[PDB]
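Q: Just input-v3.txt, nothing more (compact mmCIF, N, CA and C atoms):
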# COMPACT_ATOMS: atom_id res chain seq x y z
N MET A 1 52.82 -52.55 22.61
CA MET A 1 53.50 -52.36 23.89
C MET A 1 52.69 -52.99 25.03
N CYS A 2 53.38 -53.68 25.92
CA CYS A 2 52.73 -54.33 27.06
C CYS A 2 52.46 -53.32 28.17
N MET A 3 53.37 -52.37 28.35
CA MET A 3 53.23 -51.35 29.38
C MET A 3 54.13 -50.16 29.09
N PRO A 4 53.75 -48.98 29.60
CA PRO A 4 54.51 -47.74 29.41
C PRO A 4 55.83 -47.76 30.17
N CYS A 5 56.92 -47.46 29.46
CA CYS A 5 58.25 -47.44 30.06
C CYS A 5 58.71 -46.00 30.30
N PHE A 6 59.81 -45.85 31.04
CA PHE A 6 60.35 -44.54 31.34
C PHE A 6 61.88 -44.58 31.40
N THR A 7 62.52 -43.95 30.42
CA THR A 7 63.98 -43.92 30.36
C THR A 7 64.56 -43.28 31.61
N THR A 8 63.87 -42.27 32.13
CA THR A 8 64.33 -41.57 33.32
C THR A 8 64.16 -42.44 34.57
N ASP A 9 63.25 -43.40 34.49
CA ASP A 9 63.00 -44.30 35.61
C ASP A 9 63.91 -45.52 35.55
N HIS A 10 64.53 -45.85 36.68
CA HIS A 10 65.43 -47.00 36.76
C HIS A 10 64.69 -48.24 37.23
N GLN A 11 63.73 -48.05 38.13
CA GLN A 11 62.95 -49.16 38.66
C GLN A 11 61.83 -49.55 37.71
N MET A 12 61.54 -48.66 36.75
CA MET A 12 60.49 -48.91 35.77
C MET A 12 60.83 -50.12 34.91
N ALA A 13 62.09 -50.23 34.52
CA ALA A 13 62.55 -51.34 33.69
C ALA A 13 62.13 -52.68 34.29
N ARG A 14 62.14 -52.75 35.62
CA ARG A 14 61.77 -53.98 36.32
C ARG A 14 60.42 -54.49 35.83
N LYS A 15 59.43 -53.61 35.82
CA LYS A 15 58.08 -53.97 35.38
C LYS A 15 58.06 -54.24 33.88
N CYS A 16 58.77 -53.41 33.12
CA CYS A 16 58.83 -53.57 31.67
C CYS A 16 59.18 -55.00 31.29
N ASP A 17 60.10 -55.60 32.03
CA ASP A 17 60.52 -56.97 31.77
C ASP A 17 59.46 -57.96 32.24
N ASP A 18 58.81 -57.64 33.35
CA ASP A 18 57.77 -58.51 33.91
C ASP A 18 56.60 -58.63 32.94
N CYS A 19 56.11 -57.49 32.47
CA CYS A 19 54.98 -57.47 31.54
C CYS A 19 55.26 -58.36 30.33
N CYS A 20 56.52 -58.39 29.91
CA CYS A 20 56.92 -59.20 28.76
C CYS A 20 56.88 -60.69 29.10
N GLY A 21 57.06 -61.00 30.38
CA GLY A 21 57.03 -62.39 30.82
C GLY A 21 57.61 -62.57 32.21
N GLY A 22 58.93 -62.43 32.32
CA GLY A 22 59.58 -62.59 33.61
C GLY A 22 60.84 -61.76 33.72
N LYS A 23 61.42 -61.72 34.92
CA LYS A 23 62.63 -60.95 35.16
C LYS A 23 63.71 -61.31 34.15
N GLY A 24 64.14 -60.32 33.37
CA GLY A 24 65.17 -60.56 32.37
C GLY A 24 64.60 -60.64 30.96
N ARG A 25 63.30 -60.91 30.87
CA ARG A 25 62.64 -61.02 29.57
C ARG A 25 62.03 -59.68 29.16
N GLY A 26 62.49 -59.15 28.03
CA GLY A 26 61.98 -57.88 27.54
C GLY A 26 63.04 -56.81 27.50
N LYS A 27 62.66 -55.61 27.07
CA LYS A 27 63.59 -54.49 26.99
C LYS A 27 62.85 -53.16 27.02
N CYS A 28 63.52 -52.13 27.52
CA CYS A 28 62.92 -50.80 27.60
C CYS A 28 63.49 -49.88 26.53
N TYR A 29 62.67 -49.56 25.53
CA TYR A 29 63.10 -48.69 24.44
C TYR A 29 62.14 -47.51 24.28
N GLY A 30 62.59 -46.33 24.68
CA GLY A 30 61.76 -45.14 24.56
C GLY A 30 60.70 -45.07 25.64
N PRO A 31 59.63 -44.32 25.37
CA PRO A 31 58.52 -44.15 26.32
C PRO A 31 57.70 -45.43 26.47
N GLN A 32 57.81 -46.32 25.50
CA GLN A 32 57.07 -47.58 25.53
C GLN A 32 58.02 -48.76 25.73
N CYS A 33 57.53 -49.80 26.40
CA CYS A 33 58.34 -50.98 26.67
C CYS A 33 58.21 -51.99 25.53
N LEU A 34 59.33 -52.29 24.88
CA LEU A 34 59.35 -53.24 23.78
C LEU A 34 59.98 -54.57 24.20
N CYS A 35 59.20 -55.64 24.13
CA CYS A 35 59.68 -56.96 24.50
C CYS A 35 60.56 -57.55 23.40
N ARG A 36 61.80 -57.89 23.76
CA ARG A 36 62.74 -58.46 22.80
C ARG A 36 62.12 -59.66 22.09
Represent the structure from my file as structure tokens, please.
A:
Amino acid sequence: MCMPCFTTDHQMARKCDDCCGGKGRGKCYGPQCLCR
């Protein structure tokens, strides 16, 4: 995992995708952010 994600958080997904690379790249699955 690149960074910790939060299903309850809506703005968290933003970072989850960034850590993976850029806006739109990556995905938020569970407590951890999984990059597609």
Q: Could you give me, as a PyMOL selection string, the residues that sit within 6 Å of (54.7, -50.6, 29.3) in the file's coordinates, counting only C-alpha atoms?
A: chain A and resi 1-5+16+32-33
Q: Can you list, as a PyMOL selection string, every protein, DNA or RNA residue that comes within 7 Å of residue 6 (chain A) when you count all atoms listed in the file, leaving out same-chain residues fewer than 2 positions away?
A: chain A and resi 4+8-10+12-13+28+30-33
Q: Name all residues at most 6 Å from residue 17 (chain A) (count only N, CA and C atoms; drop same-chain ones fewer than 5 positions away) and give them as a CSV table (one decimal) with N, CA and C atoms, in the coordinates of the input.
A:
chain,number,residue,atom,x,y,z
A,22,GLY,N,58.9,-62.4,32.3
A,22,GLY,CA,59.6,-62.6,33.6
A,22,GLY,C,60.8,-61.8,33.7
A,23,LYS,N,61.4,-61.7,34.9
A,23,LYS,CA,62.6,-61.0,35.2
A,23,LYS,C,63.7,-61.3,34.2
A,24,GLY,N,64.1,-60.3,33.4
A,24,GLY,CA,65.2,-60.6,32.4
A,24,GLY,C,64.6,-60.6,31.0
A,25,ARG,N,63.3,-60.9,30.9
A,25,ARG,CA,62.6,-61.0,29.6
A,25,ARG,C,62.0,-59.7,29.2
A,26,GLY,N,62.5,-59.2,28.0
A,26,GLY,CA,62.0,-57.9,27.5
A,26,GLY,C,63.0,-56.8,27.5
A,27,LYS,N,62.7,-55.6,27.1
A,27,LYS,CA,63.6,-54.5,27.0
A,27,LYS,C,62.8,-53.2,27.0
Q: Between atom N of residue 14 (chain A) and atom C of residue 35 (chain A), measure the distance and give it in Å to one decimal.
A: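 Separation of atom N of residue 14 (chain A) and atom C of residue 35 (chain A): 13.2 Å.
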Q: Run DSSP on the backbone of this structure and report the residues of chain A it assigns to strand (DSSP E or B), as a ChimeraX atom specification.
A: /A:4,27-29,32-34
Q: Any idea what the distance is between atom C of residue 11 (chain A) and CA of residue 36 (chain A)?
A: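 Taking atom C of residue 11 (chain A) and CA of residue 36 (chain A), their separation equals 17.4 Å.
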Q: Write out as a list in words the set of residues from chain A that DSSP, computed on the backbone, places in helix (DSSP H, G or I).
A: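 Reading the DSSP output for chain A, helix (DSSP H, G or I) covers residues 12, 13, 14, 15, 16, 17, 18, 19 and 20 of chain A.
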